[PDB]
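Peer 1: Provided herewith is a single structure, encoded as structure tokens, for subsequent inquiry.
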Ligand SMILES: CC(C)CN(C[C@@H](O)[C@H](Cc1ccccc1)NC(=O)O[C@H]1CCOC1)S(=O)(=O)c1ccc(N)cc1
Ligand SMILES: CC(C)CN(C[C@@H](O)[C@H](Cc1ccccc1)NC(=O)O[C@H]1CCOC1)S(=O)(=O)c1ccc(N)cc1
């Protein structure tokens, strides 16, 4: 697809068997999702942005389906106010910025 | 250009007579720059990000040049950890996400 930026670049994803809406975010180094349960091992990490930092759980090698593109990689989970697909998974779908 | 996302999509912008490095940020509604002594009328506002809210100065109708593309719009100035080009100006340079 080609996604224009007049509106937020929201897409449907599936993770852990569940469908969610998420922002395609080129400003995010790594994918971070709103508080949820995910199976498997995780480790604590900090991420920072506008407003400061939050503590998250880092899960590695997690399958995610993004608009029918299957990726597998790092998913952070914590108190972000929005679900965010970051560069780590955008590269896996072959996403580029064009102008 | 067609910009891959292996690394942060940093570009050079020209604003208020200064050359600055900024992040092309599809997850950002607004453009927010690190604190700087920009002349002009502004209004105080708050914006929210991952970690909470910050107070910013809102400057309207500011000329900005992004990768040779000359645009005009709202620029927020405040304690962001990185200069961010958000959708208000990404639409003006004709930027799209493609995968
Ligand atoms: C600030 C950049 C450098 C990093 N953020 C990504 C940005 O797109 C961020 C995404 C977001 C949108 C809406 C609500 C909350 C967050 N938008 C953002 O703050 O919009 C503000 C600034 C202007 O307009 C409004 S991040 O969320 O902090 C972040 C940091 C690290 C990781 N691994 C993942 C996410
Ligand atoms: C608002 C914060 C940054 C604290 N201010 C410091 C001020 O220099 C502040 C710095 C600033 C510059 C540019 C963007 C944002 C903030 N200038 C300012 O123009 O900010 C307006 C814009 C949006 O909201 C308030 S403070 O309240 O004045 C103050 C002063 C002394 C003490 N001890 C405590 C607080």
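Every residue, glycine as well, gets a Cβ built from its backbone with ideal geometry; the counts of neighbours run over all protein chains shown. Read-outs: derived from the displayed coordinates by stated rules, not from any lab.
Peer 1: Looking only at the stretch B:50-66, which residues are within 14 Å of ligand 2 (Cβ to nearest atom), within 13 Å of chain A (Cβ to nearest Cβ) and within 23 Å of residue B:10 (Cα to Cα)?
Peer 2: Within the stretch B:50-66, B:54, B:56 meet the criteria.
Peer 1: Continuing with the same structure: Only residues that are touching a residue at least 40 places away in the same chain (Cβ under 8 Å) and either within 16 Å of ligand 2 (Cβ to nearest atom) or more than 10 Å from chain B (Cβ to nearest Cβ) (or both): list them for the stretch A:67-88, please.
Peer 2: A:73, A:74, A:75, A:76, A:77, A:83
Peer 1: Check off (1) away from ligand 1 (no atom under 11 Å from the Cβ); (2) crowded, with 19+ Cβ neighbours inside 10 Å; (3) within 23 Å of residue A:84 (Cα to Cα) for residue B:96 and give me the number that stays unchecked.
Peer 2: (2)
Peer 1: With the condition kept exactly as written, say whether any residue in the stretch B:26-39 is within 26 Å of residue A:22 (Cα to Cα), touching a residue at least 60 places away in the same chain (Cβ under 8 Å), near ligand 1 (Cβ under 9 Å from one of its atoms) and in contact with a helix residue (DSSP H, G or I) (Cβ under 8 Å, 6 or more places away or on another chain).
Peer 2: Yes, because at least one residue in the stretch B:26-39 is within 26 Å of residue A:22 (Cα to Cα), touching a residue at least 60 places away in the same chain (Cβ under 8 Å), near ligand 1 (Cβ under 9 Å from one of its atoms) and in contact with a helix residue (DSSP H, G or I) (Cβ under 8 Å, 6 or more places away or on another chain).
Peer 1: Applying the selection to the stretch B:11-39, what residues are within 14 Å of another protein chain (Cβ to nearest Cβ), within 16 Å of ligand 2 (Cβ to nearest atom) and over 9 Å from the mean Cα position of the chain (by Cα)?
Peer 2: B:34, B:35
Peer 1: Quick one: residue B:17 ticks every box in (1) more than 13 Å from ligand 1 (Cβ to nearest atom); (2) free of Cβ contacts under 8 Å to residues at least 24 places away in the same chain; (3) closer than 26 Å to residue A:92 by Cβ except a single one, so which number is it?
Peer 2: For residue B:17, the exception is condition (3).
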